[PDB]
């Protein structure tokens, strides 16, 4: 209980999500808010006017402060800056109304801030930074190539969606915040464990960001499991959302199973991998609680 405080997740209406996941909130949240502010200022300086919220949420906690509550305080500002640029660039990648001329116009500014992120990370922790650069580029490239694929099942969708939502990229940021690197063997084995975590994160995002993504569908590619379920099963919004809610609960339980299965088969586990597992579980609770009222998805929490 050094970088963060335990928060009782049962004080929030999580719609049955998050059972058996503990919630923590970083004590240095101000540093995350600072990173978000600076990234937003840099976006206006080099790219254009801001159109939306990113990770800030002063009520339930800045995204980085609740998703990555074990971050070293000296790394939290940079991580929040990187994620804020990712939140804003994400909407650019999904956009459909950008003229070719505007796309060309933004490119060098987006490149400047991308490279600024990578260079600052590399100067801080070269090993950890290389994993962030690799996963970020994979997320950007996969979104760009595959965002209009017509998926015919949630299972197929999720193999794209875990990359499109940047789950491996956030994992690489989390490791950076811990000052942690994994061996090639740990990487191989932990990938199996964290797959259901990535699915739960992506589907939870879909659940809480659906309304906003429909509001934007006139200018933005719709990438959302609730819509897939509506189409495949001919269901309305609340019924499809219930299916997605049940599916999140399935993946949440699966991740807890795989953590304990790893301990039972490949254990006693090191303190390092123990902290890795715990840190991954905090992404689930933090993502969930942040999404309930973040201004990005919830219009009556917006200002400015």
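Positions refer to the first chain, counted from 1.
May I ask you to compare 189-197 and 161-169 by their mean CA B factor in the entry and name the higher one? According to the PDB entry, the answer is 189-197.
Mean CA temperature factor from the deposited coordinates, higher in 268-276 or in 34-42? That would be 268-276.
Select one of 154, 80, 127, 93: the residue whose C-alpha shows the highest B-factor in the crystal structure entry. The record points to 127.
Given 221, 135, 204, 233, the residue at which the Cα B factor reaches its maximum: It is 233.
Among modelled residues of the same chain, the CA temperature factor third for residue 21: Middle third by C-alpha B-factor.
Which third, lowest, middle or highest, does the C-alpha temperature factor of residue 211 belong to within its own chain? For residue 211, whose C-alpha B-factor we compare with every modelled residue in the chain, the answer is the middle third.
Classify residue 51 as lowest, middle or highest third according to the C-alpha B-factor given in the PDB entry, relative to its own chain. Top third by C-alpha B-factor.
Could you tell me which third, lowest, middle or highest, the C-alpha B-factor of residue 14 occupies within its chain? For residue 14, whose C-alpha B-factor we compare with every modelled residue in the chain, the answer is the highest third.
What third of its chain's C-alpha B-factors does residue 239 belong to: lowest, middle or highest? It falls in the top third of the chain.
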